[PDB]
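Colleague: Mind looking over this structure? Questions follow.
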Amino acid sequence: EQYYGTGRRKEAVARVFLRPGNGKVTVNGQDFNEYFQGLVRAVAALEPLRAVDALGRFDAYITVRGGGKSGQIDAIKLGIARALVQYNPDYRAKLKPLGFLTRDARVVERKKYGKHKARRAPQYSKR
Amino acid sequence: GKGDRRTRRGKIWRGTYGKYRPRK
Amino acid sequence: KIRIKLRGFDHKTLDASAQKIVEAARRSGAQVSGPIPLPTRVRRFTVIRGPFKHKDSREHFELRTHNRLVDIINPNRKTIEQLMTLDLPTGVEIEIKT
Amino acid sequence: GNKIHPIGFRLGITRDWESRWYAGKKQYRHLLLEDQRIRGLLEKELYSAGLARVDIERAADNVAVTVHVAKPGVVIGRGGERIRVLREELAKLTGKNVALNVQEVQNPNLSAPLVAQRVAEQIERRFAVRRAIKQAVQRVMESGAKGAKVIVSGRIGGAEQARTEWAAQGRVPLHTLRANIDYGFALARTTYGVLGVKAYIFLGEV
Amino acid sequence: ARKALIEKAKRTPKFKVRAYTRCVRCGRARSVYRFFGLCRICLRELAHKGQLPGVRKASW
Amino acid sequence: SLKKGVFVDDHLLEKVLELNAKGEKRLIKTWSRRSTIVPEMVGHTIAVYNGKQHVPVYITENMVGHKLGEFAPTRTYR
RNA sequence: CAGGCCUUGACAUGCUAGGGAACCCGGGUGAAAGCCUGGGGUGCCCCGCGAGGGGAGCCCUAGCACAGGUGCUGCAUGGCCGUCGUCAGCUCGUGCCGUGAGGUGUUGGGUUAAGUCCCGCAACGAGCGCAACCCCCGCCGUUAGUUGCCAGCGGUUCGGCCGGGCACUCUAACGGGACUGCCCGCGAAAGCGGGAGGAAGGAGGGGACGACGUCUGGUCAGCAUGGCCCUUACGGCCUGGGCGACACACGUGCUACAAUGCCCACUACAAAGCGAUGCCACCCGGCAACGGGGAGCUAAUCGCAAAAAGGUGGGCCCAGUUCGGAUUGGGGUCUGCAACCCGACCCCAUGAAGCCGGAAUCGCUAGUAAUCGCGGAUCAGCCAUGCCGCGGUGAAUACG
Ligand SMILES: [Mg+2]
Ligand SMILES: [Mg+2]
Ligand SMILES: [Mg+2]
Ligand SMILES: [Mg+2]
Ligand SMILES: [Mg+2]
Ligand SMILES: [Mg+2]
Ligand SMILES: [Mg+2]
Ligand SMILES: [Mg+2]
Ligand SMILES: [Mg+2]
Ligand SMILES: [Mg+2]
Ligand SMILES: [Mg+2]
Ligand SMILES: [Mg+2]
Ligand SMILES: [Mg+2]
Ligand SMILES: [Mg+2]
Ligand SMILES: [Mg+2]
Ligand SMILES: [Mg+2]
Ligand SMILES: [Mg+2]
Ligand SMILES: [Mg+2]
Ligand SMILES: [Mg+2]
Ligand SMILES: [Mg+2]
Ligand SMILES: [Mg+2]
Ligand SMILES: [Mg+2]
Ligand SMILES: [Mg+2]
Ligand SMILES: [Mg+2]
Ligand SMILES: [Mg+2]
Ligand SMILES: [Mg+2]
Ligand SMILES: [Mg+2]
Ligand SMILES: [Mg+2]
Ligand SMILES: [Mg+2]
Ligand SMILES: [Mg+2]
Ligand SMILES: [Mg+2]
Ligand SMILES: [Mg+2]
Ligand SMILES: [Mg+2]
Ligand SMILES: [Mg+2]
Ligand SMILES: [Mg+2]
Ligand SMILES: [Mg+2]
Ligand SMILES: [Zn+2]
C-alpha cells in the first residue's frame with residue numbers, strides 16, 4: 001500500500017509516498033508540474049524512477065515543507081529514492097552506485113563577526 | 001531601483017509600505 | 001485537565017524535577033501525558049571583548065531558557081496533596097492551569 | 001593580551017554558576033542587582049574570614065546565600081552572635097526571607113581565591129614578592145595538588161618600571177576542560193600604586 | 001562629571017523623554033541593555049565569573 | 001509638524017497678549033527659537049537667542065508659520 | 001560654548017546646636033534653574049486627669065570634618081582588548097662539554113597541519129603550547145507526545161475544522177557510530193598512496209579554544225588605581241547653541257549607469273528571532289503615512305507577517321529613456337513638553353551627476369563568491385545604507 005521515504009535536503013523536509021498505478025505526482029496539495037511551474041529543474045526530482053525504468057507505476061503522493069522550491073526538489077529527489085529503496089531489497093543497485101544518497105551536507109554556514117558574509121571580508125585601506 | 005520611493009522595490013528596500021506597496 | 005509549565009535554565013535539573021511529577025502523578029491516580037519537551041527560547045547577545053575599540057574578535061553569549069510541559073488527565077484529590085505540597089524546585093519555576 | 005577566563009570558560013561544565021536560580025524578563029535585572037548587592041556586602045564585612053565563594057539560590061522570596069569559608073571562627077561568632085546580626089543585614093535591604101547556609105574549606109591551600117588574597121596581603125605588607133610567590137606556590141603543592149600557578153602584575157617593589165612576576169609548578173592544562181582548576185584574583189593597594197594577583201590551582205583531572 | 005550624573009539619571013521628575021538608561025554597576029550611559037542592566041564591559045565581566053544566571057559562553 | 005496644536009510656548013503670547021493691550025512699545029527678548037510666529041505679532045521685534053546673544057529681529061506677516069529659530073543663525077560664516 | 005543661578009553642595013560618613021522636626025496641597029518672579037512666600041499638624045518613648053515637659057529615628061537651618069572633578073599622567077599602574085598567529089614555537093630539573101657568555105636536550109634520518117609520531121644521539125625526563133577532553137550540522141536508534149498527517153477506517157458546516165491517532169514531520173533528552181580493527185602496495189618503525197563497505201574515514205566539515213614573550217601597542221573617558229592639580233570653582237543646576245559647521249582630501253559604504261532590464265496585476269518555497277499600557281488580526285476613515293474602534297496573546301497553540309529574488313501575462317523598445325533617483329517647491333502624518341537649526345515616513349510636482357570609471361587597488365577556493373529577502377540589539381522617535389545573526393538561488397578557477 002503505502003511506500004514512504006524521508007525527504008530532507010538543506011532545510012527542506014519532503015514526505016514521499018508511493019502508490020502503484022498511474023503516475024500522477026502530488027506535493028503539498030498540487031499537481032507536481034504545477035507547483036513547480038517554471039523551474040526547469042522540476043523534472044529532475046523524478047529522475048530516480050527513470051532508472052529503476054519504473055515511472056508508469058507509482059502514483060506518488062508527496063508533501064515537502066520548509067526551504068526553497070528547488071531545495072524542495074532536492075528533498076523530493078531523495079524521498080522518491082529512500083521511499084522506493086525500501087520496497088525493493090535489490091534496488092540498492094542505484095542509490096549507492098548512481099549517487100542518489102546523501103542528505104548533500106552542503107548548507108549555509110554561520111556568518112562570522114567581521115565578515116560581511118560569513119567569509120567576504122570587508123574592504124581594505126592600509127594607507 | 002531600490003532607491004525610488006514611488007516604486008514597489010524602493011518602498012520595500014526602505015522597509016516601508018504605501019500607495020505603491022499597500023498592506024493588501 | 002490541569003496544565004503545568006516548567007521553565008528554568010539547566011535542563012539537567014528541570015528534566016528531573018519534571019520527570020518526578022509523573023512517577024508520582026501516576027501513583028496518585030489518573031494517567032498522565034509523558035514529560036513533553038517543547039521548543040527552547042534563546043537569548044543571544046554579542047559584546048565587543050575589548051573595553052574600548054576593537055569591533056572585531058568580539059564575543060557573544062547565550063541564555064537557554066528551557067521549557068517543558070506535562071499534564072494530568074483527571075484531577076484527583078489524591079494528586080493534589082502531592083503536587084501542591086511537593087514544592088521542590090531548586091532553580092525551577094512552574095505555572096499551572098486548566 | 002588574551003587568554004580566556006578559566007571560569008567563564010569551564011562555566012558550562014565542571015564549574016557551575018556561582019549564582020543559580022531563575023527569573024523572567026519582567027524581573028531579572030532586579031534579582032541580579034540584588035544577588036549583587038548581597039555579595040557586595042558579604043565581600044566587605046566578612047573578609048576577615050576569607051570567603052572563597054558565595055553561591056546563591058532562589059525560587060520565590062527565598063534566598064540561599066550560601067557562604068563557603070576557610071575560617072568560620074568569625075562567621076558564626078562567639079557562641080553564635082555574629083551571623084545572627086548578618087541575617088539582619090541581608091534582610092535590612094532584602095525585603096525577602098533570606099536564609100544563610102555556611103560551610104568550611106577543607107584546606108585554604110587549595111582555594112585559589114584565598115591563595116590570591118593570602119599573597120595579595122603579603123605584598124601589601126611590604127614582604128619580598130619573589131619569595132611570597134615561590135613560597136605561596138609550594139604551600140599549594142605541599143597541601144596536595146597537581147597544579148599551582150601564581151602571577152603578580154607590575155610595580156613590584158615600588159619599581160617605577162612595572163614588571164611582572166611569574167611562578168608555577170606541576171601541570172596546568174588551561175586549555176584542557178577535564179581540569180577542574182580554581183582560578184583566583186586579588187588586588188593590592190600599596191601607597192606606590194596597585195598590584196594584581198592571579199591564582200591557578202589545577203586540582204583533580206577528568 | 002560622572003558622579004552627579006548617575007544620581008541625576010536616577011531622579012526623574014522632568015519629562016519622561018529625558019528618562020534615560022545607564023549601567024547599574026558602572027556609571028556608563030552607552031551600550032546598556034534592557035535586560036541585564038549591565039554595560040558590555042560589566043556584563044562580559046560578571047558573565048565570566050558566573051554571577052549571571054543561565055548565561056553561558058555561547059556556542060553554535 | 002503639529003496639525004492639532006501649535007507648540008508655541010506660552011511665556012510668549014502671555015507677554016505678547018498683555019502687550020496687545022492697546023499695543024505699546026515692543027523690545028522683547030526670549031529663548032524660544034523653538035516656538036512659532038503668531039499672526040498679528042508683526043511690529044513686535046523679538047530679539048532671539050542663538051547661544052551667543054539675542055538677535056534683534058523684527059517680525060512681519062511675510063514670516064509667520066515659521067519659528068523664531070529659523071530667523072536666528074546658530075553658526076557663523078553663512 | 002554663551003548666558004542665568006547654587007554652595008557641605010546633585011551623592012557617602014560622623015559630630016555639635018535653640019527651633020521645627022515624618023508628610024501632603026499651593027502661590028509669586030523667571031527662559032528654566034534659582035531665589036521669596038502663604039496653608040492642615042503628626043502614630044512614637046514617657047512622668048502625666050490635663051495642659052505640657054524630656055525624647056530615639058527622619059527632616060529643615062547653622063557651623064565643623066568633608067564630598068565632588070570625563071582635570072593631567074596608559075612611559076607610574078591593575079584589569080581587559082588588539083598584533084606577530086593557531087603560526088610551532090618557548091622553557092625547565094639533573095648530568096655532561098666550555099675560562100666563560102653558552103651549548104647539549106630541542107643538531108641528524110623519515111613523516112605530519114604540528115616540538116605529530118618514529119628511529120637515531122651525552123643525554124635522561126618534564127612543563128607551558130599541538131592534539132585530545134566540549135558544543136553544532138551530519139547516519140540510525142529509545143523515551144516523550146495539543147507541531148504534525150485520508151498517514152489508516154472515520155463523521156466534517158468542505159480549513160487537521162471535530163472526533164481521534166504517534167506512523168510521519170518536528171520539538172528535546174539520553175545513546176550506538178569510526179577504532180587504520182579489513183585487503184593490496186612501500187618500510188626498521190612511525191607511516192604514505194590506492195581500494196571496498198559506509199551517512200561519514202584516516203583530525204569528517206564548522207564553532208569555543210589563541211604558549212614565553214613582542215610592539216615603553218590601546219585605554220586614567222567604562223571601572224579600579226599611585227602621584228599631580230581645582231575648591232563660592234578645573235565642583236553642581238538650568239534654558240539656548242554645539243558635537244550635524246564646509247573652498248576642500250581621503251576611508252568604508254549604499255543606489256545606479258539599464259533589456260540576463262525596469263514597471264504593473266496575480267500566484268508561491270524559508271530560517272531565525274521578537275513581543276504587556278507590547279507586537280496587532282479583523283473592521284470602518286484616508287490615494288497613502290496613518291487614525292478612530294476592537295478579537296486573540298502570560299505566547300511550538302494569537303500577532304510582528306509580507307519573504308524577495310523566483311512563476312504567469314501584461315506594458316515599455318535602446319532613447320539619458322517608463323534607465324537613474326540626487327535636488328528642490330507644495331501638501332501631510334506619527335513619537336515627543338519640543339522636530340529653526342537638526343528626526344523619520346507619505347503624497348503631488350520637480351527629474352541632478354551618471355551610457356561602467358586614470359594611476360592604482362580589494363574580497364573570495366563551494367554552499368564559498370555573487371545575488372535576494374528576513375530577524376534582533378540599542379531604542380519614544382531615528383538620520384541603520386552600520387553591526388550581529390538567518391535563510392532563499394547558486395557559479396568560475398586552481399598548470400604551477
Ligand atoms: Mg546566503
Ligand atoms: Mg581596519
Ligand atoms: Mg525608476
Ligand atoms: Mg606620599
Ligand atoms: Mg560641567
Ligand atoms: Mg532618549
Ligand atoms: Mg551636607
Ligand atoms: Mg595598563
Ligand atoms: Mg609619560
Ligand atoms: Mg642543563
Ligand atoms: Mg663547568
Ligand atoms: Mg643550559
Ligand atoms: Mg611536545
Ligand atoms: Mg617493511
Ligand atoms: Mg570537529
Ligand atoms: Mg605609548
Ligand atoms: Mg579614571
Ligand atoms: Mg542646552
Ligand atoms: Mg543640539
Ligand atoms: Mg559625530
Ligand atoms: Mg548639519
Ligand atoms: Mg503563500
Ligand atoms: Mg532571525
Ligand atoms: Mg520562531
Ligand atoms: Mg472589510
Ligand atoms: Mg487606539
Ligand atoms: Mg487600534
Ligand atoms: Mg525627494
Ligand atoms: Mg564595472
Ligand atoms: Mg577601463
Ligand atoms: Mg601598473
Ligand atoms: Mg580558500
Ligand atoms: Mg536588517
Ligand atoms: Mg528602533
Ligand atoms: Mg539623515
Ligand atoms: Mg553604520
Ligand atoms: Zn558597566
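We name chains A, B, ... following the order of the C-alpha cells; residues begin at 1 in each chain, and ligands are numbered from 1 as shown.
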Leaving out residue 41 of chain E and any residue of its chain fewer than 2 positions from it, which residues lie within 8 Å of it when counting only C-alpha atoms (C1' of nucleotides), given as a VMD selection string?

Modeller: (chain C and resid 49 to 51) or (chain E and resid 38 to 39 43 to 45) or (chain G and resid 222)

Colleague: I need the chain A residues near chain E as a PyMOL selection string; criterion: at most 12 Å, counting only C-alpha atoms.

Modeller: chain A and resi 109-112

Colleague: Kindly save the residues from that selection, with N, CA and C atoms included, as an mmCIF file, in the first residue's frame.

Modeller:
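Result file again.cif:
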```cif
data_model
loop_
_atom_site.group_PDB
_atom_site.id
_atom_site.type_symbol
_atom_site.label_atom_id
_atom_site.label_comp_id
_atom_site.auth_asym_id
_atom_site.auth_seq_id
_atom_site.Cartn_x
_atom_site.Cartn_y
_atom_site.Cartn_z
ATOM 1 N N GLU A 109 26.654 28.415 5.983
ATOM 2 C CA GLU A 109 27.433 28.430 7.212
ATOM 3 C C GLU A 109 27.323 29.772 7.933
ATOM 4 N N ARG A 110 27.400 29.713 9.265
ATOM 5 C CA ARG A 110 27.303 30.883 10.135
ATOM 6 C C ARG A 110 28.150 32.066 9.680
ATOM 7 N N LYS A 111 27.588 33.262 9.816
ATOM 8 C CA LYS A 111 28.271 34.497 9.448
ATOM 9 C C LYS A 111 29.171 34.939 10.607
ATOM 10 N N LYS A 112 30.479 34.788 10.424
ATOM 11 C CA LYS A 112 31.440 35.172 11.444
ATOM 12 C C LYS A 112 31.497 36.690 11.567
#
```

Colleague: Set the cut-off to 12 Å, count only C-alpha atoms (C1' of nucleotides) and all ligand atoms, and list whatever residues fall near ligand 11 as a list in words.

Modeller: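 Every residue with an atom at most 12 Å from ligand 11 is listed here: residues 95, 96, 97, 98, 99, 100, 102 and 103 of chain G.
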
Colleague: Could those selected residues go to a file with N, CA, C and O atoms (P, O5', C5', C4', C3', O3' and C1' of nucleotides), as a PDB file, in the first residue's frame?

Modeller:
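result-v3.pdb was written with the following content:
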```pdb
ATOM      1  P     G G  95      73.805  18.006  38.468  1.00  0.00           P
ATOM      2  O5'   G G  95      74.131  17.005  37.284  1.00  0.00           O
ATOM      3  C5'   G G  95      74.289  15.614  37.552  1.00  0.00           C
ATOM      4  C4'   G G  95      74.641  14.882  36.291  1.00  0.00           C
ATOM      5  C3'   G G  95      75.816  15.437  35.506  1.00  0.00           C
ATOM      6  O3'   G G  95      77.042  14.925  36.009  1.00  0.00           O
ATOM      7  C1'   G G  95      74.003  15.006  34.046  1.00  0.00           C
ATOM      8  P     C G  96      78.381  15.813  35.925  1.00  0.00           P
ATOM      9  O5'   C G  96      78.701  15.864  34.368  1.00  0.00           O
ATOM     10  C5'   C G  96      79.087  14.678  33.672  1.00  0.00           C
ATOM     11  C4'   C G  96      79.085  14.921  32.190  1.00  0.00           C
ATOM     12  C3'   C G  96      79.881  16.116  31.704  1.00  0.00           C
ATOM     13  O3'   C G  96      81.255  15.807  31.570  1.00  0.00           O
ATOM     14  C1'   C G  96      77.768  16.106  30.661  1.00  0.00           C
ATOM     15  P     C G  97      82.345  16.961  31.804  1.00  0.00           P
ATOM     16  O5'   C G  97      82.303  17.790  30.447  1.00  0.00           O
ATOM     17  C5'   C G  97      82.631  17.163  29.196  1.00  0.00           C
ATOM     18  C4'   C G  97      82.523  18.156  28.060  1.00  0.00           C
ATOM     19  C3'   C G  97      83.301  19.454  28.218  1.00  0.00           C
ATOM     20  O3'   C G  97      84.657  19.304  27.799  1.00  0.00           O
ATOM     21  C1'   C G  97      81.100  19.915  27.485  1.00  0.00           C
ATOM     22  P     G G  98      85.808  20.145  28.541  1.00  0.00           P
ATOM     23  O5'   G G  98      85.286  21.642  28.377  1.00  0.00           O
ATOM     24  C5'   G G  98      85.349  22.292  27.094  1.00  0.00           C
ATOM     25  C4'   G G  98      84.916  23.739  27.193  1.00  0.00           C
ATOM     26  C3'   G G  98      85.395  24.575  28.370  1.00  0.00           C
ATOM     27  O3'   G G  98      86.747  25.024  28.231  1.00  0.00           O
ATOM     28  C1'   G G  98      83.126  25.083  27.843  1.00  0.00           C
ATOM     29  P     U G  99      87.740  25.001  29.508  1.00  0.00           P
ATOM     30  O5'   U G  99      87.414  26.360  30.283  1.00  0.00           O
ATOM     31  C5'   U G  99      87.871  26.538  31.641  1.00  0.00           C
ATOM     32  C4'   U G  99      87.563  27.925  32.148  1.00  0.00           C
ATOM     33  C3'   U G  99      86.145  28.430  31.966  1.00  0.00           C
ATOM     34  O3'   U G  99      85.322  27.973  33.026  1.00  0.00           O
ATOM     35  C1'   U G  99      87.713  30.133  31.412  1.00  0.00           C
ATOM     36  P     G G 100      83.875  27.363  32.703  1.00  0.00           P
ATOM     37  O5'   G G 100      83.007  28.632  32.273  1.00  0.00           O
ATOM     38  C5'   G G 100      82.739  29.701  33.212  1.00  0.00           C
ATOM     39  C4'   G G 100      82.532  31.011  32.480  1.00  0.00           C
ATOM     40  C3'   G G 100      81.289  31.161  31.605  1.00  0.00           C
ATOM     41  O3'   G G 100      80.202  31.716  32.358  1.00  0.00           O
ATOM     42  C1'   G G 100      83.218  31.885  30.432  1.00  0.00           C
ATOM     43  P     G G 102      74.195  33.095  29.306  1.00  0.00           P
ATOM     44  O5'   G G 102      74.228  31.979  28.174  1.00  0.00           O
ATOM     45  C5'   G G 102      74.414  32.360  26.823  1.00  0.00           C
ATOM     46  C4'   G G 102      75.044  31.252  26.033  1.00  0.00           C
ATOM     47  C3'   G G 102      74.258  29.970  25.906  1.00  0.00           C
ATOM     48  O3'   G G 102      73.199  30.107  24.961  1.00  0.00           O
ATOM     49  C1'   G G 102      76.526  29.457  26.351  1.00  0.00           C
ATOM     50  P     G G 103      72.360  28.813  24.516  1.00  0.00           P
ATOM     51  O5'   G G 103      73.480  27.931  23.806  1.00  0.00           O
ATOM     52  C5'   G G 103      73.200  26.622  23.362  1.00  0.00           C
ATOM     53  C4'   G G 103      74.477  25.885  23.047  1.00  0.00           C
ATOM     54  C3'   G G 103      74.175  24.409  22.935  1.00  0.00           C
ATOM     55  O3'   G G 103      73.720  24.090  21.639  1.00  0.00           O
ATOM     56  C1'   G G 103      75.925  24.714  24.495  1.00  0.00           C
TER      57        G G 103
END
```

Colleague: As JSON, numbers by chain, please: every residue in segment 4-98 of chain C that DSSP puts in strand (DSSP E).

Modeller: {"C": [4, 5, 6, 32, 33, 34, 35, 36, 45, 46, 47, 59, 60, 61, 68, 69, 70, 71, 72, 96, 97]}

Colleague: Write a file of the just-selected residues containing N, CA and C atoms, as a PDB file, in the first residue's frame.

Modeller:
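As a result, result.pdb now contains:
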```pdb
ATOM      1  N   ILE C   4       0.528  22.224  33.417  1.00  0.00           N
ATOM      2  CA  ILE C   4       1.663  22.673  34.204  1.00  0.00           C
ATOM      3  C   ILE C   4       2.885  23.005  33.356  1.00  0.00           C
ATOM      4  N   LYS C   5       3.491  24.155  33.633  1.00  0.00           N
ATOM      5  CA  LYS C   5       4.667  24.616  32.894  1.00  0.00           C
ATOM      6  C   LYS C   5       5.968  24.423  33.681  1.00  0.00           C
ATOM      7  N   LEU C   6       7.083  24.375  32.965  1.00  0.00           N
ATOM      8  CA  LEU C   6       8.375  24.208  33.603  1.00  0.00           C
ATOM      9  C   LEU C   6       9.494  24.916  32.856  1.00  0.00           C
ATOM     10  N   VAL C  32      -1.100  10.139  32.932  1.00  0.00           N
ATOM     11  CA  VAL C  32      -0.545  11.431  32.567  1.00  0.00           C
ATOM     12  C   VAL C  32       0.154  11.362  31.222  1.00  0.00           C
ATOM     13  N   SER C  33       0.329  12.527  30.602  1.00  0.00           N
ATOM     14  CA  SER C  33       0.998  12.645  29.312  1.00  0.00           C
ATOM     15  C   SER C  33       2.486  12.889  29.553  1.00  0.00           C
ATOM     16  N   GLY C  34       3.300  11.891  29.222  1.00  0.00           N
ATOM     17  CA  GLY C  34       4.738  11.973  29.417  1.00  0.00           C
ATOM     18  C   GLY C  34       5.361  13.348  29.279  1.00  0.00           C
ATOM     19  N   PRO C  35       6.398  13.653  30.080  1.00  0.00           N
ATOM     20  CA  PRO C  35       7.084  14.947  30.038  1.00  0.00           C
ATOM     21  C   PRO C  35       7.394  15.360  28.604  1.00  0.00           C
ATOM     22  N   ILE C  36       6.623  16.314  28.093  1.00  0.00           N
ATOM     23  CA  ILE C  36       6.812  16.785  26.731  1.00  0.00           C
ATOM     24  C   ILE C  36       7.752  17.985  26.653  1.00  0.00           C
ATOM     25  N   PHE C  45      23.354  37.428  22.794  1.00  0.00           N
ATOM     26  CA  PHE C  45      23.773  38.826  22.813  1.00  0.00           C
ATOM     27  C   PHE C  45      25.285  38.901  22.651  1.00  0.00           C
ATOM     28  N   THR C  46      25.715  39.740  21.719  1.00  0.00           N
ATOM     29  CA  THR C  46      27.117  39.905  21.415  1.00  0.00           C
ATOM     30  C   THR C  46      27.673  41.113  22.130  1.00  0.00           C
ATOM     31  N   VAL C  47      28.977  41.074  22.363  1.00  0.00           N
ATOM     32  CA  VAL C  47      29.679  42.147  23.035  1.00  0.00           C
ATOM     33  C   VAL C  47      31.086  42.239  22.474  1.00  0.00           C
ATOM     34  N   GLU C  59      32.832  39.136  21.363  1.00  0.00           N
ATOM     35  CA  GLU C  59      32.347  37.882  21.951  1.00  0.00           C
ATOM     36  C   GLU C  59      30.911  37.930  22.453  1.00  0.00           C
ATOM     37  N   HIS C  60      30.117  36.951  22.007  1.00  0.00           N
ATOM     38  CA  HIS C  60      28.711  36.843  22.399  1.00  0.00           C
ATOM     39  C   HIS C  60      28.361  35.580  23.183  1.00  0.00           C
ATOM     40  N   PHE C  61      27.338  35.710  24.026  1.00  0.00           N
ATOM     41  CA  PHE C  61      26.877  34.630  24.887  1.00  0.00           C
ATOM     42  C   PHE C  61      25.453  34.180  24.570  1.00  0.00           C
ATOM     43  N   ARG C  68       9.310  23.006  29.460  1.00  0.00           N
ATOM     44  CA  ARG C  68       8.898  21.612  29.479  1.00  0.00           C
ATOM     45  C   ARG C  68       7.461  21.509  29.977  1.00  0.00           C
ATOM     46  N   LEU C  69       6.646  20.756  29.245  1.00  0.00           N
ATOM     47  CA  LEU C  69       5.247  20.586  29.601  1.00  0.00           C
ATOM     48  C   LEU C  69       4.891  19.138  29.934  1.00  0.00           C
ATOM     49  N   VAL C  70       3.870  18.983  30.769  1.00  0.00           N
ATOM     50  CA  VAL C  70       3.378  17.679  31.197  1.00  0.00           C
ATOM     51  C   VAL C  70       1.969  17.936  31.708  1.00  0.00           C
ATOM     52  N   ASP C  71       1.076  16.960  31.586  1.00  0.00           N
ATOM     53  CA  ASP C  71      -0.277  17.171  32.080  1.00  0.00           C
ATOM     54  C   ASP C  71      -1.052  15.944  32.526  1.00  0.00           C
ATOM     55  N   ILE C  72      -1.745  16.105  33.651  1.00  0.00           N
ATOM     56  CA  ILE C  72      -2.558  15.052  34.240  1.00  0.00           C
ATOM     57  C   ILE C  72      -3.949  15.066  33.620  1.00  0.00           C
ATOM     58  N   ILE C  96       0.704  26.671  36.620  1.00  0.00           N
ATOM     59  CA  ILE C  96      -0.348  25.675  36.489  1.00  0.00           C
ATOM     60  C   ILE C  96      -1.677  26.253  36.029  1.00  0.00           C
ATOM     61  N   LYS C  97      -2.335  25.540  35.119  1.00  0.00           N
ATOM     62  CA  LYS C  97      -3.623  25.979  34.598  1.00  0.00           C
ATOM     63  C   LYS C  97      -4.612  24.844  34.344  1.00  0.00           C
TER      64      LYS C  97
END
```

Colleague: Could you give me, as an NGL selection string, every polymer residue with an atom at most 7 Å away from an atom of ligand 6, counting only C-alpha atoms (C1' of nucleotides) and all ligand atoms?

Modeller: (:E and (17-20)) or (:G and (380))

Colleague: As a PDB file with C-alpha atoms (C1' of nucleotides), in the first residue's frame, please: the residues near segment 4-18 of chain A (cut-off 9 Å, only C-alpha atoms (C1' of nucleotides), same-chain neighbours under 4 positions excluded).

Modeller:
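Once written, result30.pdb looks like this:
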```
ATOM      1  CA  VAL A  27       3.007  17.808  -3.432  1.00  0.00           C
ATOM      2  CA  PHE A  58       3.773   4.769  -8.823  1.00  0.00           C
ATOM      3  CA  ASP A  59       1.140   7.401  -8.134  1.00  0.00           C
ATOM      4  CA  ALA A  60       3.467   9.277  -5.783  1.00  0.00           C
ATOM      5  CA  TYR A  61       1.873  11.453  -3.081  1.00  0.00           C
ATOM      6  CA  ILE A  62       4.405  13.886  -1.589  1.00  0.00           C
ATOM      7  CA  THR A  63       4.276  16.792   0.856  1.00  0.00           C
ATOM      8  CA  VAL A  64       7.502  18.803   1.176  1.00  0.00           C
ATOM      9  CA  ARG A  65       7.760  21.567   3.773  1.00  0.00           C
ATOM     10  CA  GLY A  66      10.421  24.157   4.558  1.00  0.00           C
ATOM     11  CA  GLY A  67      13.136  25.666   2.400  1.00  0.00           C
ATOM     12  CA  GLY A  68      13.192  26.710  -1.234  1.00  0.00           C
ATOM     13  CA  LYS A  69      11.259  25.240  -4.162  1.00  0.00           C
ATOM     14  CA  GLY A  71      15.683  22.747  -2.248  1.00  0.00           C
ATOM     15  CA  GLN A  72      12.344  21.005  -2.024  1.00  0.00           C
ATOM     16  CA  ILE A  73      13.008  19.355  -5.379  1.00  0.00           C
ATOM     17  CA  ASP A  74      16.143  18.011  -3.738  1.00  0.00           C
ATOM     18  CA  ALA A  75      14.329  16.715  -0.664  1.00  0.00           C
ATOM     19  CA  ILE A  76      11.919  15.024  -3.028  1.00  0.00           C
ATOM     20  CA  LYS A  77      14.591  13.522  -5.282  1.00  0.00           C
ATOM     21  CA  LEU A  78      15.764  11.774  -2.127  1.00  0.00           C
ATOM     22  CA  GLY A  79      12.383  10.613  -0.883  1.00  0.00           C
ATOM     23  CA  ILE A  80      11.385   9.132  -4.222  1.00  0.00           C
ATOM     24  CA  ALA A  81      14.600   7.156  -3.730  1.00  0.00           C
ATOM     25  CA  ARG A  82      14.584   6.481   0.013  1.00  0.00           C
ATOM     26  CA  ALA A  83      10.936   5.511  -0.318  1.00  0.00           C
ATOM     27  CA  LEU A  84      11.221   3.018  -3.162  1.00  0.00           C
ATOM     28  CA  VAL A  85      14.540   1.708  -1.874  1.00  0.00           C
ATOM     29  CA  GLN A  86      12.585   0.197   0.988  1.00  0.00           C
ATOM     30  CA  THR A 102      23.444  11.975   0.690  1.00  0.00           C
ATOM     31  CA  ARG A 103      21.486  14.322   2.975  1.00  0.00           C
ATOM     32  CA  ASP A 104      24.277  16.985   0.326  1.00  0.00           C
ATOM     33  CA  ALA A 105      25.538  18.052   3.765  1.00  0.00           C
ATOM     34  CA  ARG A 106      26.172  21.221   1.796  1.00  0.00           C
ATOM     35  CA  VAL A 107      24.459  24.024   3.702  1.00  0.00           C
ATOM     36  CA  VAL A 108      24.807  27.714   4.564  1.00  0.00           C
TER      37      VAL A 108
ATOM     38  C1'   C G 168       5.489  10.642   9.524  1.00  0.00           C
ATOM     39  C1'   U G 169       7.491  15.839  10.255  1.00  0.00           C
ATOM     40  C1'   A G 270      12.164  29.993   4.086  1.00  0.00           C
ATOM     41  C1'   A G 271      15.172  30.290   8.595  1.00  0.00           C
ATOM     42  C1'   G G 391      17.655  31.646   5.139  1.00  0.00           C
TER      43        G G 391
END
```

Colleague: Could you tell me, counting only C-alpha atoms (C1' of nucleotides) and all ligand atoms, which protein and nucleic acid residues lie no more than 10 Å from ligand 21, written as an MDAnalysis selection string?

Modeller: chainID G and resid 244:245 341:342

Colleague: For residue 13 of chain B, work out the shell of residues within 7 Å, counting only C-alpha atoms (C1' of nucleotides) and skipping chain neighbours fewer than 3 positions away, then give it as a ChimeraX atom specification.

Modeller: /B:2,9-10

Colleague: Pull N, CA, C and O atoms from the residues just selected and write them as an mmCIF file, in the first residue's frame.

Modeller:
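Output contents, as saved in again21.cif:
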```cif
data_model
loop_
_atom_site.group_PDB
_atom_site.id
_atom_site.type_symbol
_atom_site.label_atom_id
_atom_site.label_comp_id
_atom_site.auth_asym_id
_atom_site.auth_seq_id
_atom_site.Cartn_x
_atom_site.Cartn_y
_atom_site.Cartn_z
ATOM 1 N N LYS B 2 16.114 50.162 -5.972
ATOM 2 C CA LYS B 2 15.924 50.170 -4.528
ATOM 3 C C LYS B 2 15.992 51.575 -3.950
ATOM 4 O O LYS B 2 15.931 51.752 -2.732
ATOM 5 N N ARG B 9 9.873 48.120 -5.321
ATOM 6 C CA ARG B 9 11.184 47.838 -4.746
ATOM 7 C C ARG B 9 11.592 48.947 -3.784
ATOM 8 O O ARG B 9 11.751 48.713 -2.589
ATOM 9 N N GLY B 10 11.758 50.156 -4.312
ATOM 10 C CA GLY B 10 12.153 51.279 -3.480
ATOM 11 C C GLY B 10 11.489 51.246 -2.117
ATOM 12 O O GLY B 10 12.158 51.260 -1.087
#
```

Colleague: Within 12 Å of ligand 13, which residues show up when you count only C-alpha atoms (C1' of nucleotides) and all ligand atoms? List them as a PyMOL selection string, please.

Modeller: chain G and resi 88-91+106+114-117+126-131+211
